[PDB]
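These notes concern the structure reproduced below.
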DNA sequence: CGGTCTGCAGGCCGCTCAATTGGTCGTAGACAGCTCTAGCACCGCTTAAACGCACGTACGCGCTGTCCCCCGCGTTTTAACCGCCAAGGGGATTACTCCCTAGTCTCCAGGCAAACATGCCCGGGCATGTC
DNA sequence: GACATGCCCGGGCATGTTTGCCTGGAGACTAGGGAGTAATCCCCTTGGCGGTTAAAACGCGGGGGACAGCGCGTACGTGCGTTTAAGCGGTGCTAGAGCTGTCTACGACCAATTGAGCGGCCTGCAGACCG
């Protein structure tokens, strides 16, 4: 038999997902999350499909950029694993 | 004999410089630096006295904020001494 | 030809309504300005103005000074969470900084 | 009347001077707009448009496509640090990202 | 002097209604003037865009009211909205 | 149906100058329309303030030129200025 | 959260996102921290978009409502109009 | 003029870092700090001069500096606004 | 008429550290009351509000009172009772509390008492003391001066001193301060004049 | 207080050709009394001698009397009684002939009389008429004005007219004349000022 | 005190051509009496000899008398009785003929009379007239003035007129003349000063 | 009249260290009162305020009084009682407290007493003594001199000494001081004149 | 099977509607020249605080070793998403009609600062007394 | 004759009211924007069934993360010595700020021409008939 070590396919995944363009999150779960949030401000609101798609792309872009900074922070600590505090540091530096 | 233990003076300096509000950069040198830069774009440029002060306060504010973020980065690496890497990391996270 | 009432007085405000009416109507903010618009905005500015001054006056009394100074404005703005958003990126002349010392730096 | 000619044709531009003139007169940007103003602006927009499309065409060719798709815009923009800076806060629909891996992560 | 209309008078009166004993330094007053102009420009700017987005020619209390919510944190926004409401409500009623 | 406008025709014409054999997808064309509109808004907004600060009422090629230099990186600015200069120069001669 | 709507952002999905950011290795605590951050981002954008929709007195949120809401937070989105 | 970048002395750099809570400083910080400061200062100057050139003046005023700062997300209070 | 005695004008801070204070008003044309620390002198318009602050290092006992009395600054006139001039004494401007002849009034206080001293013929006005309100370092009394310094038959251009005495429920002295007063049409012009003449 | 009526100021020379005359005094800064023909106005100091000449074409009968009375020149003040101010009313300056409150006195003449009119509340002073000496052409009366025009509670800066009436033994009107009066510290300066304003 | 009336001063030469003359004395420092025609004024010392010449065109009847009386020159003072001041009135300088209070005396004449008029309160001195002596066209009377013009409480620097009347046995008027009098110290200095000022 | 005796003028500080002081007034022409240390002499106008300071090393008992009296400085005249001249004695200027004939009055003080000494015929004025406030070194009395030094029949240009005596409640002598006095219209001009003549 | 003609789909020509261009007229914003003043620029001398350099000692940073748990990858099982389809109505959009608001123009009252009018005190000259 | 002593006029300061300039509000008239109603129909929401990947779960093993230890250097602290910044002052002129005058420019309107879309007509491709 043949198999890889913990921490191998993860690197091939980096190459693959950096290369593609499609969404990495699922469609229906996201729609519900949007509406479940939106109803807090006002009930019965309707949405254009394009509106949801816009939200998805903005969210993915935001998170992916955040992960880049998070990754740099872990490298600065000379780790390889990312930690919640790595995220917190990057956000705080960015004024959030 | 007596000498203060290293760091005990630093903590008192931190308090004093946080507490006060005056400019930390000597004014005449700063003014020369402004002109030394500006000349590279245009000779003979006159400056209002107020304009020079406006520049200086923006610069000190910028550097002071930069150092605080730098300090957090070093703390995140569980050092106490700051290094050029900490400065670079903070700036890079802010997209500079 | 009845005796006039100044427009700020009529609203109960201190800020001068007629000024705002001119200002909104220039700088090309719009083609037209409605009569209630300046009144609404004057009140908003007046409210926010009061909040800053109130906090700064407390900050002055803490230092036992009779007069508000730039430092007192800085303290007010940074101690209040909401002002620290609205004015988050503002730089204030001679503002100084909060006495923030990280626990890891303390002597032990 | 005389045999007319289009303003864009006179300037040698592809972009429509007349539309730009209308737009500048609205948006409440100003009370008045000068004759050369839309002419100068149209040339600038056309120039920047050409730069993006040229780099995007090269990117498309490297992927053996004969048609530009959003992904090729994304890569082309990032490969020119000048445009990367100009658009440093733009999100591109279906843009993807750059294939960057940090050296410390590669195996040894 | 031929210079722009400051807000110093009203700022001073507002302070007197809050802390009647206190005074203001020249620099503190200058700061408050910059502050008023800043908030003014933001609200007027956003109100402009609201009208532009909606293809409508006239700024009203609503465009301001909406802009106030977009610009201010929610706590400040509601108090500001209450005051703006009253001022207009009274002014039209009186 | 009611009437609408876009830059799609001109984008398509420009592409054939740089790559005569290359088409453009409507998704990409959407991006380009957003790009044109964004740059337009920036230049018009900044030029407006230049006139405002200098108390002029009229936007000219100078305000646009200055705004371009404030917005664009230096290299792009130099070329953009050259093209705008020629366009106005030729238009004046034409 | 209703029927676990936030959990609808699954563990593998979170993995895939971090991969684009070059993340090689992930601690298990990351998933909940990510979800918190994501919700804040959505809450702020949705709230502003709804505010635009209410101002127009429409009852359907359109793409332009989203595009404006994103823009003023310092982030401009191309392709969805605007 | 020349070399006034050194006029930003090592103690000046200490005092700035101190206000930022910095307790302990490595020697290379001095050189790194000067580079960063220069870039920030230069970019502000360049914009302010560009405004001055548009007004066709030969003198920079505080309002040019204010505008130059402002657009970078740096609203400054106290010098007019 | 004359008085059998002269009130003491000597400064005395006493057990409670008693001092006076005054508002930091400027010297513009439209000023109604302004005070000069360089001269220790108040400049004010007739019948306008003249705020005087009371400062202490520790709080006096309950039942403490504050009294104001005017005397002529020049020693030969000190035995003449400072009073309103015959015109302002006859005019119908009494507030229902103050007698027509008294120069100094206190506005806004219902516990005010006006004394025409049977033994000295001196006029004075008295109020209870109160400690500062929460958030204040001092207590403010609002005085009014009911004749100009130039009133003929009255003060007749002679400068006056207002003497302020902190006193107990029996009238015994707890603390004393004084300030010169000019009552005039243009307090800012006059104050700047006297502050300029201080360099001559 | 206010009178029920305003005395007539209309000039009336009557059967005897009655007119007034005044001395040719200069305009030295503080001359005690001087008269302006251009203004028909007397300028004089308080309590000082004010010579008024009486001119007639023929001598009135014996028992004829001369009266002087003051009214305010401005129509809005004409109903107020011209009197001394509350200060000069209380001063002890009576000559043993004049009441304390009367504005106008006649000096020198032992046969003077002072009237407070029971109906109109107006004050006035009266003397017997005397004819000129054999080679003279007019008779001189010496009036004194016992308050300044500026006296507060009295004239209060308002200009007055002095009305002179020639009367029989029962007060019946034989002739009437009038002149404006200003009672001031510097009659010469003030007269030159008012005569210079006549060219502005 | 005041008099009820004023004596007439009008020049009246009458049936006898009455007129006055005076000696041609110089203006030296040590001079006691000197007269100025340019001023119609006599300058003299207190209590010294003052020669006045009586001139006539024809001789008056026997029993004619000559009277001298003083009045103040300024018309407002004319009703005050010219008398000696309270000092000279008390001092012990009477000659046995003149009452202590009379200003004008005649020396060298035993037939002099001094009148204090019960109806006018005026003082006057009288002597018989005598026709001129051999070698003179005029008769000389020697008067003395018993107070200086400057005497306070007396003449008080006010100028006086001496009135000389020629009269019959009943005191009816035969003629009248007058001259101004200054009683001083240094008549020569004063006469020259007033005569020099006549060119200024 | 003449007194039977001459008051002692000898300076005597006594048990209480009694001394006199005077203000540092300048020599402007008509300064109301000014004092010369070089001459030990006061120069002052008639009836005007003359401040005299009383200095002591310790406080005299209650009931102590201060008396003022005047004598002629020249030994030939020391027996004559210094009094007002006959003019100022007759004039109606009494303040309701002082007799007509007294040269020296005290103004402002209601507890003043005036003595005409039955044995010596000397006039004097007396007031109770009062101590200064604890940080002031002297008590000021304000005298008035009611005749000029030049008043004829009165001082008659003869210089006077004012003698001030501190006394107990029975009139026994506790201390004595003196100063020369000139009463004149121009105290500043005259003081300079006499201080200049000190070099001649 | 090869050649010619007709109908449908795509392209071209004419008409309609809209946008752009050309030309004429009107009113002002911008450009130009001028003047006056303020602030900036440049230089000097003095006083002292800050900066520079050197020396000594310690706390920190860096590298190594050892231990354990957490994360990765694989295989199996279950759940939910995605795709295509169908139905119903609400909301958005378009067109048409009516009323109120804001903008523009003209007129009146109030608010804020400067100049003049008038009273009080001291000095100079002249008038008068003394030696 | 020289000096000593008092009053009037002139000069300056002290003390209050009137006049001038700028700003804001109130009233009246004209055109467009906003508001309301009716209608059309597209898009969104809701529901169904089937297919299949993705997600969830559990196990085993290895690398990374973490904690502790030791060595040497880099930094901090303090002393003595040196330099320049700050302070205050002096002198000179360029440019900023404001005003006045005139012109060319841009806004506005109407008329004409071309472009884009739609309707009608023509050409090519696919199908039918003739040689």
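Between residue B:39 and residue C:9, the simple label model (points 7 Å from Cα in the Cβ direction) yields a spacing of 6.1 nm.
GNM on chain K, alpha-carbon springs under 10 angstrom: the most fluctuating residue among K:44, K:91, K:138 is K:91.
Sorted shortest first, the distances from the residue L:13 label point to those of the same residue in the other copies are 3.5, 8.3, 8.5 nm; each point sits 7 Å from Cα along Cα-to-Cβ. For the rotation carrying I onto J, the chain I residue whose Cβ lies nearest the axis, with the distance in whole Å, reads I:86, 2. Here chain G was treated as a single set of alpha-carbon atoms; its pair distances binned every 10 Å from 0 give 15, 35, 35, 14, 2 percent. Rg/Rh for region K:101-149 stands at 1.05; both radii use Cα atoms, and Rh follows the Kirkwood definition.
Assign one of three labels to region K:1-62, namely rounded, prolate or oblate, based on the Cα gyration tensor with a ≥ b ≥ c the square roots of its eigenvalues; rounded applies when a/c is under 1.5, prolate when it is not and a/b is larger than b/c, and oblate otherwise. It is oblate, given that a/c is not under 1.5 and a/b is not larger than b/c.
Separation of region K:143-161 from region J:101-144 is 29 Å, based on Cα centroids. Test of understanding: in a Gaussian network model of chain K with alpha carbons linked when under 10 Å, which of K:142, K:123, K:102 would top the mean-square fluctuation ranking? Comparing K:142, K:123, K:102 in the GNM, the peak value goes to K:142. The alpha carbon centroids of region C:1-66 and region J:33-67 are separated by 67 Å.
Mind checking the angle between helix E:8-18 and chain E's longest principal axis? C-alpha axes, 0 to 90 degrees, to the nearest 10. Tilt of helix E:8-18: around 80 degrees.
The mean number of partner chain beta-carbon atoms within 10 angstrom of a residue's beta-carbon across peptide D:81-89 is 4. Average projection, convex hull of the Cα set of region F:2-94: 8.7 square nanometres. Springs between alpha-carbon pairs under 10 angstrom, Gaussian network model over chain J: which of J:90, J:189, J:122 fluctuates most? Maximum among the listed residues: J:90. Label positions at residue C:19 and residue B:11, each projected 7 Å from the Cα along the C-beta direction, are separated by 4.9 nm.
Take each residue in A:77-89, count the other chain C-beta atoms within 10 Å of its C-beta, and the mean is 6.
Starting from the Cα gyration tensor of chain A, take the square roots of the eigenvalues, sort them a ≥ b ≥ c, and report rounded, prolate or oblate (rounded when a/c is under 1.5, otherwise prolate if a/b is larger than b/c, else oblate). Judged from the Cα gyration tensor, chain A comes out oblate (a/c at least 1.5, b/c at or above a/b). Kindly express, to the nearest 10 degrees and within the range 0 to 90, the angle between helix C:70-79's C-alpha long axis and the longest C-alpha principal axis of chain C. Taking the Cα atoms of chain C, the angle to C:70-79 is about 80 degrees. For a test of the definition: using alpha carbon positions, the gyration tensor, and the 1.5 limit on a/c, classify chain C as rounded, prolate or oblate. Prolate is the answer for chain C, as a/c is 1.5 or above and a/b outweighs b/c.
Residue L:120 label point (Cα plus 7 Å toward Cβ) to equivalent points in the other copies: 3.6, 5.1, 6.4 nm, shortest first.
In this simple spin-label model, placing a label point 7 Å from the Cα along the Cα-to-Cβ direction at both residue H:55 and residue I:115 gives a separation of 6.6 nm.
Once the C-beta distance of residue F:75 and residue F:17 is scaled by a Förster radius of 22 Å, the resulting FRET efficiency is 0.60 to the nearest 0.05. For residue J:159, inter-copy separations between label points set 7 Å beyond Cα along the Cβ vector come to 3.5, 4.0, 5.8 nm, shortest first. Per q in 0.04, 0.05 1/Å, what log10 I(q)/I(0) does a Debye calculation on the alpha-carbon atoms of the protein assembly as shown return? One equal scatterer on each Cα of the protein assembly as shown leads to -0.53, -0.71.
Report, as an integer, the average count of C-beta atoms from other chains found within 10 Å of each Cβ along F:37-50.
Other-chain Cβ atoms within 10 Å of each residue's Cβ, averaged: 6.
Residue L:39 to residue J:24: FRET efficiency via 1/(1 + (r/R0)^6), r the Cβ-Cβ distance, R0 41 Å, to the nearest 0.05?
0.25
When K:155, B:83 are sorted by how many other C-beta atoms sit within 10 angstrom of their C-beta, beginning with the fewest, the order is B:83, K:155.
Once the C-beta distance of residue E:92 and residue B:96 is scaled by a Förster radius of 51 Å, the resulting FRET efficiency is 0.50 to the nearest 0.05. Go from 0 up to the bin containing the longest alpha carbon distance in chain J, width 10 Å each, and give me the % of pairs per bin. So the P(r) values, bin by bin, are 9, 36, 38, 16, 1.
May I ask for the angle, rounded to the nearest 10°, between helix F:74-93 and the longest principal axis of chain F, with both axes built from Cα atoms and the value confined to 0 to 90°? The answer is roughly 80 degrees.
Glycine also receives a Cβ, built like all others from the backbone with ideal geometry; neighbour counts cover every protein chain displayed. Values quoted throughout were computed directly from the atomic coordinates according to the rules given, and no laboratory measurement underlies them.
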